[PDB]
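Pasting the sequence and an experimental structure:
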Amino acid sequence: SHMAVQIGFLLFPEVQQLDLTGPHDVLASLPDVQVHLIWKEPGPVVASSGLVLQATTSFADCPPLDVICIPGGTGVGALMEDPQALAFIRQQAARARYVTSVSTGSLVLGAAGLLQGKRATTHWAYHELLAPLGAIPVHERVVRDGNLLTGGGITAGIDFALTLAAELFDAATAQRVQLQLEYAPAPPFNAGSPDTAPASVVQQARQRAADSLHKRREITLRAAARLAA
Amino acid sequence: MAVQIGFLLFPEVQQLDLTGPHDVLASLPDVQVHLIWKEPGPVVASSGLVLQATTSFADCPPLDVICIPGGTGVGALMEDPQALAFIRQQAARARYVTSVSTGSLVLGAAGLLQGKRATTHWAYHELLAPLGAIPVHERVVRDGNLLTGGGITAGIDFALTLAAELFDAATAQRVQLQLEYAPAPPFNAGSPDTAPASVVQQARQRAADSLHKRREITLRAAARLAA
């Protein structure tokens, strides 16, 4: 309807698609919502897995959002130094009821200057990059600070989105969506956190992430300097 | 020699049934993942999210894994002879024949659940038996080379299970960690066994029209298999 809650996700090359699509299917289940996928122009955008998503609007044509949500992914590094995207996020965040992100999307909120003195989380492997952007790093899966709501790494988007659903509507509605999603997880292993995975597996990861972390640190401190100026 | 993994991408798919498993499995080494429909191009999910089929049926390579997601669009597929025959074509030689949520109703309509243990989305579970399945009320159900997941978000649990079978436990564990899949749901309403009764009723109400329709479709699909 013309009165729908306006929810917008940033959609960019090399997005981690589940950061977007988990929350999208949660939130699109809610009463009278309209969900936008926003980029430089409408059209196909390739996620880091090769899954092709489709932006529905340019930045300029996106209507004022009630909720803005930034997903993460490899593509976050470029986005953190994209003035067009950061300006859009700042404009929308000035008036949005909720300003939100999943996984390394919070590094983009940070680059936009929106985390200074704010509690936030991100993907576990990149968590040390929050503080140089002014954030107070919090090791929880969903972190709230006023109208800021950030989720942890990738699949945390589902927990984040159900939390947001309860704020937008009510607990009854969020629970109904949870039940419709049959979201009673039973993971076949206990390796979803660096605090519980086998040590051998954890060591595989930090090593797999190490080059990216150095590059993302470089980018983070440049983004921070632009804020500092 | 890469593992060839194919998802059926159909109009009115429940996108998370596909995209959850896709991001799990595409994280694995030496895989190629396909999104299959009657032609390549845009396919719109039940939410209005637009996805893109990468291959027609014809151009799809022989699959190691076929995976059918669910969605509103399942009812049409259950009476689509092309889709069902394609699924049978791929299932004949696939190492793993799989589904998430109401995708198992499509496997059922195709004849591929006859005498097999299987699950589906809780709200439609009664439709498994008429399609010949032995219904099992578990989140991931294996019967030989058949693997079926429960409703929507069960796809993540299913895909990690499959990852360990295709590779090994350590590999599945690494993907789990990269996904940070340590869920912490904000409510306890993920199953009809734990959700408040009011919530279960609200969900059953919203399922009622499609369940009625799908009962009718199911009886027709079953009659075709019996004959």
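Sure thing, it's come through. Numbers count the residues shown, from 1 in each chain, chains lettered A, B, ... in the order given.

How far away from the center of its chain is stretch A:80-88?
A distance of 15 Å separates the centroid of the chain from that of stretch A:80-88, by Cα atoms, centre = their mean, to the nearest Å.

List the contacts of it.
With contacts defined as Cβ atoms under 8 Å, 6 or more residues apart in numbering or on different chains, stretch A:80-88 is touched by A:10, A:12, A:38, A:40, A:59, A:62, A:79, A:107-108, A:110-113, A:219-220, A:222-223. (C-beta placed from N, C-alpha, C; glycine too.)

Which residue ranges of chain A form strands?
Ranges of strands within chain A are A:5-10, A:33-39, A:43-46, A:52-55, A:57-58, A:67-70, A:98-102, A:119-120, A:136-137, A:142-145, A:148-151, based on DSSP state E.

OK, contacts around the residue lying farthest from the centre of chain A?
Counting by Cα atoms, centre = their mean, the extreme residue of chain A relative to its mean C-alpha position is residue A:200, 28.3 Å from that point. For residue A:200, the residues meeting the contact criterion (Cβ under 8 Å, 6+ apart) are residue B:170.

can you tell if stretch A:149-165 touches chain B?
Yes. On the criterion Cβ under 8 Å from any Cβ of the partner chain, stretch A:149-165 is in touch with chain B at A:152, A:153, A:154, A:155, A:156, A:158, A:159, A:162, A:163.

which of the residues in that stretch are buried?
A:149-165 (16 or more other Cβ atoms under 10 Å in any protein chain shown).

quick one, phi/psi of the closest residue to residue A:178 other than its chain neighbours?
Closest residue to residue A:178 apart from its sequence neighbours, by Cβ to Cβ, 6 or more residues apart in numbering or on different chains: residue B:189 at 4.5 Å. Residue B:189 adopts backbone torsions of phi -110, psi 30, taken as degrees, to the nearest 10.

hang on, residue A:40 packs against residue A:60?
No. Proximity of residue A:40 to residue A:60 does not meet the contact threshold set by Cβ atoms under 8 Å, at 9.3 Å.

what's the overlap in contacts for the two?
Common contacts of residue A:40 and residue A:60 (Cβ under 8 Å, 6+ apart): none found.

more neighbours, those two?
residue A:40 (16 against 10; other Cβ atoms under 10 Å in any protein chain shown).

and that one, what is it in contact with?
A:55, A:58, A:59, A:84.

so what's the third one up against?
With contact set as Cβ under 8 Å, 6+ apart, residue A:59 has these partners: A:38, A:39, A:40, A:84, A:85, A:88.

Just the buried ones from those residues?
Using 16+ other Cβ under 10 Å as the burial test, those include A:38, A:39, A:40, A:85, A:88 as buried.

in the sheet, who's paired with the first one?
On the basis of DSSP bridges, residue A:38 takes part in beta bridges with residue A:10, residue A:57.

List the residues that contact it.
With contacts defined as Cβ under 8 Å, 6+ apart, the neighbours of residue A:38 are A:8, A:9, A:10, A:11, A:55, A:56, A:57, A:58, A:59, A:62, A:88.

how near is residue A:73 to chain B?
According to Cβ to the nearest Cβ, to the nearest Å, residue A:73 stands 10 Å off from chain B.

and if you look at residue A:63?
If you measure residue A:63 against chain B using Cβ to the nearest Cβ, the figure is 16 Å.

close enough to count as contact, that residue and residue A:7?
No. Taking Cβ under 8 Å as the contact criterion, residue A:63 and residue A:7 are not neighbours in contact, 10.9 Å apart.

neighbour count winner among these two?
Between residue A:63 and residue A:7, counted using other Cβ under 10 Å, residue A:7 has the larger neighbour count: 25 against 11.

what's the spacing between that one and chain B?
For residue A:7 relative to chain B (Cβ to the nearest Cβ), the value is 11 Å.

Am I right that that residue is in contact with residue A:37?
No. Using Cβ under 8 Å as the test, residue A:7 is too far from residue A:37 to be in contact (10.1 Å).

Return the residues in contact with residue A:101.
Taking Cβ under 8 Å, 6+ apart as the definition of contact, the neighbours of residue A:101 are A:69, A:70, A:71, A:72, A:108, A:109, A:150, A:151.

thought the third one was touching residue A:15?
Yes. Checked against Cβ under 8 Å, the pair residue A:71 and residue A:15 is within contact range at 5.3 Å.

which residues are common contacts for these two?
Common contacts of residue A:71 and residue A:15 (Cβ under 8 Å, 6+ apart): none found.

Filter the contacts of stretch A:80-88 down to the buried ones.
Among the contacts of stretch A:80-88, the ones that count as buried by 16+ other Cβ under 10 Å are A:10, A:12, A:38, A:40, A:59, A:62, A:79, A:107-108, A:110-113, A:219-220, A:223.

Tell me which two of those residues sit farthest apart.
Farthest-apart pair in the buried ones among the contacts of stretch A:80-88 is A:62 and A:220; separation 26.2 Å (Cβ to Cβ).
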